Amino acid sequence: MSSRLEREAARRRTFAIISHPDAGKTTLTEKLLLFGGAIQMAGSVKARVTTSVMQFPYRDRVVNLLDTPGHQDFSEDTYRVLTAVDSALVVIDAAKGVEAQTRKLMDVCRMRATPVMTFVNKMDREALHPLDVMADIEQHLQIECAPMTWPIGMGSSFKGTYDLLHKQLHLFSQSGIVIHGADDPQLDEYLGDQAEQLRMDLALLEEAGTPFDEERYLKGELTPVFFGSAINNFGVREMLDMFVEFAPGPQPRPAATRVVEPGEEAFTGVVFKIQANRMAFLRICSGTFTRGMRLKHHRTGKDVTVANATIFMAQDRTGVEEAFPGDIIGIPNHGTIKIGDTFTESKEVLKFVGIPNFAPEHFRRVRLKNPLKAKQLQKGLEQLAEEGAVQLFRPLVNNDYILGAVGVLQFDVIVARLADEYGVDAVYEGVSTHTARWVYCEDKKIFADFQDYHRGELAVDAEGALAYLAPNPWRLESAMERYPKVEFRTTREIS
Ligand SMILES: Nc1nc2c(ncn2[C@@H]2O[C@H](COP(=O)(O)OP(=O)(O)O)[C@@H](O)[C@H]2O)c(=O)[nH]1
């Protein structure tokens, strides 16, 4: 029945953690790696390409945890990682609830209907009450919460958790203690006065809580919520068990001509990011990757050998070097590549769709220190935008170069690269813009009118796409009203 390819692909669980800085991602990542027996990798993560992709075995699943750069390293590449996973894990600091970056990263997951599980971290310190945390998750992540584990107390009074389906009490300071219904005197023996509160909460959950439903989880409509304390490696086992059991394996991926299924024998993969020193990171969409093989780079029309590929793999497995759907590989190259590029082993022309550019929130105008360098600046900005390092907008009404960054670090990298690779010394000037949307209107007449009236706010980006630049989302909301026929989108397909 199942081929070797389909058996391997079915074992993969490829995901990333979405969280706001200081929620606990690094700490939880270290503990996950320890369950995976990935001792060295955990030591590496705790000490801070090697860590962009961490693969580890757990309960015979091959888990691929892709890093989502955060803090000062937050960039459009963080959102690009989310286009390569089949599911995500949300980590929240229980004292803060859903925070700004949690929401923006969930907005990306939502466009892709990516399933998400949720870990509420730091229950060992005073926290939002669990009913309030659940309401906050639903309100800001726009998803139903299905509690899987439920905390008893918080902070100094945090006794541990009760696992609703496994009927197990997990004590905080280790095997769960099996509990036999709400009346089990084991609850009073282990929880003391807090047993009454667990009983009240369980009664409330029975009446008003949402059960886990795998189909709703897989559609992105419901998230299983776990509570714990990653620093104590507590509650993490239950969440990981649930993740390997229920999180989706490699999913079909749309291409312009058809949907590609992971069980197709012929290799296909898509580039979702590029690291400059260059390495292109490819998600394997179907088929089997082997070092030996030849791949067709359909954009350039060239054949590419991959004898120098990086196969990210666990310290653990030993056999012949191959990689399967859901896995990530890195292909070194001398600058040939765009985000979204498709590689195939067959001659079938395939073009994966659905890796977009994302609307930037930070904008700067570029100024040259030396006017004689104008052609080099145009070359460098165009090549850096084609490569995905920044977005570039050219306003209809002037000749300015306006750069759009998802993360501010990007502006520093562009200046560095302009200097080093183009011999161009550029500085930034501030602009009013904080918002871009790509505009579209299937009515040719109304659109010409829009483009005439709002000519001062329109720009064309490096892909040729028309965009409305606004000082902020509220000023934007006002142009939308004047033209209820024009669509304003927060993403656009790369070509
Ligand atoms: N008290 C407590 N502190 C935690 C827990 N998890 C992480 N921290 C602390 O919170 C801070 C942020 O943790 P980190 O894992 O680096 O967060 P990141 O920015 O999301 O990767 C550090 O001081 C951690 O020790 C937890 O479960 N309980």
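Residues numbered from 1 in each chain as written, not as in the entry; some residues may be left out. Heavy atoms only, no water.

Method of structure determination, per the deposited record: X-ray crystallography was used for this entry, reaching 1.8000 Å resolution.

As named in the PDB entry, the protein chain is Peptide chain release factor 3, taken from Desulfovibrio vulgaris. What the PDB record gives as the title of this entry is "Crystal structure analysis of the translation factor RF3". Its UniProt record, at the heading Function, says of the protein chain: "Increases the formation of ribosomal termination complexes and stimulates activities of RF-1 and RF-2. It binds guanine nucleotides and has strong preference for UGA stop codons. It may interact directly with the ribosome. The stimulation of RF-1 and RF-2 is significantly reduced by GTP and GDP, but not by GMP." Listed in UniProt under the heading Sequence similarities, the comment for the protein chain reads: "Belongs to the TRAFAC class translation factor GTPase superfamily. Classic translation factor GTPase family. PrfC subfamily." (UniProt positions renumbered as here; feature names shortened; annotations may be inferred.)

S.K.: Looking at this structure, how should I read the nonpolar core?
M.R.: Nonpolar side chains tend to gather and get buried jointly when the protein is soluble and globular. Membership of the largest hydrophobic core comes to 79 residues, with the highest contact counts inside it found for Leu66, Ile137, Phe289 and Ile329. When residues of this core are assigned to their parent elements, the largest contribution, six residues, is made by strand β15 (residues 279-286). When near neighbours in sequence (up to four residues on either side) are disregarded, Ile329 contacts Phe267, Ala280, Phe281, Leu282, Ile284, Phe289, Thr310, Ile311, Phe312 and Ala323. By size, the runner-up hydrophobic cluster in this structure holds 32 residues, among which are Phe15, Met148, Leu240 and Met242. (Core = buried A, V, L, I, M, F, W, Y, C linked by side-chain atoms within 4.5 Å. Buried < 20%, exposed > 50% of the residue type's maximum accessible area, 1.4 Å probe, protein only. Helix = DSSP H or I, 4+ residues; strand = E, 2+ residues; numbered from the N terminus. Contact = heavy atoms within 4.5 Å.)

S.K.: Where do I start with helix α3 (residues 39-47) in this structure?
M.R.: Here α3 has its buried residues at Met41, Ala42 and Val45. Within α3, the buried residues cover an arc of 100 degrees as seen down the axis, which keeps them to one side. Exposed side chains of α3 directed beyond 90 degrees from the buried face belong to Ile39, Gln40 and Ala47. Looking at the buried residues of α3, the elements they touch are α2 (25-35) and β2 (53-58). (Arc of directions from axis to C-beta.)

S.K.: Where do I start with the sheet that holds strand β25 (residues 391-395) in this structure?
M.R.: By way of backbone hydrogen bonds, the strands of a sheet pair with one another, either parallel or antiparallel. Reading across from one edge, β27-β24-β26-β25-β29-β30-β28-β31 is the order of the eight strands in this open sheet, with antiparallel pairing throughout. With partners counted over all chains shown, the strands left at the sheet margins are β27 (426-430) and β31 (487-489), one partner each. Adjacent strand axes in the sheet meet at a mean angle of 40 degrees when their direction is disregarded. One ladder, built from four bridges, connects strand β24 (residues 362-368) with strand β26 (residues 402-405); its direction is antiparallel. Considered in β26, the bridge of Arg365 is made with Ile402. (Pairing = 2+ DSSP bridges. Axes fitted to C-alpha atoms, helices over the stretch in contact; angles between N-to-C directions.)

S.K.: Is there a simple way to explain the site of the ligand in this structure?
M.R.: Around the ligand sit 15 residues, and of these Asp22, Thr26, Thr27, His71 and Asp124 come closest. Within the backbone of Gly24, a nitrogen or oxygen atom sits 2.9 Å from an oxygen atom of the ligand. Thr26 places a polar side-chain atom, nitrogen or oxygen, 2.7 Å from an oxygen atom of the ligand. Its free accessible area being 570 Å², the ligand has 76% of it covered by the protein chains. Top element by residues in the shell around the ligand is α2. It accounts for three residues. Residues that form the shell around the ligand fall into these classes: four nonpolar, six polar and five charged. (Near = heavy atom within 4 Å. Polar contact = N/O pair within 3.5 Å; in protein donor to acceptor, adjacent residues only side chain to side chain. Areas by Shrake-Rupley, 256 points an atom, 1.4 Å probe, with all protein chains shown as cover. Nonpolar A, V, L, I, M, F, W, Y, C, P; charged D, E, K, R; others polar.)

S.K.: Whenever I open this one, the sheet that holds strand β17 (residues 294-297) confuses me. Can you help?
M.R.: Pairing within the open sheet is antiparallel, and its seven strands lie in the order β18-β17-β22-β14-β15-β21-β19. At either margin of the open sheet sits one strand with a lone partner, and together these are β18 (302-305) and β19 (310-311). Bridging between β17 and strand β22 (residues 342-344) involves two bridges; their strand directions are antiparallel. Of the residues in β22, the one forming a bridge with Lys296 is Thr344.

S.K.: Just to check I follow, could you spell out the pattern of salt bridges for this structure?
M.R.: Side chains bearing opposite charge may pair, as long as their charged atoms lie close to each other. By the definition in use, this model includes 36 salt bridges. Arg291 serves as the salt-bridge partner of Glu321, at 2.4 Å between the closest nitrogen and oxygen. Here the residue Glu321 occupies a position in the loop between β19 and β20 (322-323), and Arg291 occupies one in the loop between β16 (289-290) and β17, the gap between them amounting to 30 residues. Taking the relative accessible area as the measure of exposure, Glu321 reaches 30% and is therefore partly exposed. Taken together, the salt bridges that share partners define one network made up of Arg4, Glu8, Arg11, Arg12, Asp60, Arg317, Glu322 and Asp327. (Salt bridge = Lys/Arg side-chain N within 4 Å of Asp/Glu carboxyl O.)

S.K.: For this particular structure, what's the right way to read the packing of α2 against α3?
M.R.: Helix-helix packing is described using two parameters, namely the angle between the two axes and the distance between the axes. Orientation of α2 relative to α3, taken along the N-to-C sense of each, is 170 degrees, at an axis distance of 8 Å. Taken together, the axes of α2 and α3 are roughly antiparallel relative to one another. Contact residues: α2 offers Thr26, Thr29, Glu30, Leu33 and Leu34, while α3 offers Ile39, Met41, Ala42, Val45 and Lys46. Per-class residue counts for the contact of α2 with α3 are six nonpolar, two polar and two charged. (Parallel < 35°, antiparallel > 145°, perpendicular 65-115°, else oblique.)

S.K.: Explain the domain arrangement of the protein chain to me, please; I cannot follow it from the model alone.
M.R.: Parsing the protein chain into structural domains produces domain 1 (1-19 + 47-88 + 247-354), domain 2 (20-46 + 89-246) and domain 3 (355-495). For domain 1 and domain 3, the distance between their C-alpha centroids amounts to 29 Å. On the domain 3 side, the residues contacting the 23 residues of domain 1 number 19 residues. Here domain 1 and domain 3 share an interface that buries about 1,800 Å² over both sides, 55% of which is from carbon and sulfur atoms. Of all residues in domain 1, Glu76, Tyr79 and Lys338 bury the most surface against domain 3, accounting for 33% of the area lost on that side. The interface formed by domain 1 and domain 3 contains three salt bridges. (Domains from an automatic or database assignment. Buried area = accessible area lost by both parts, 1.4 Å probe.)

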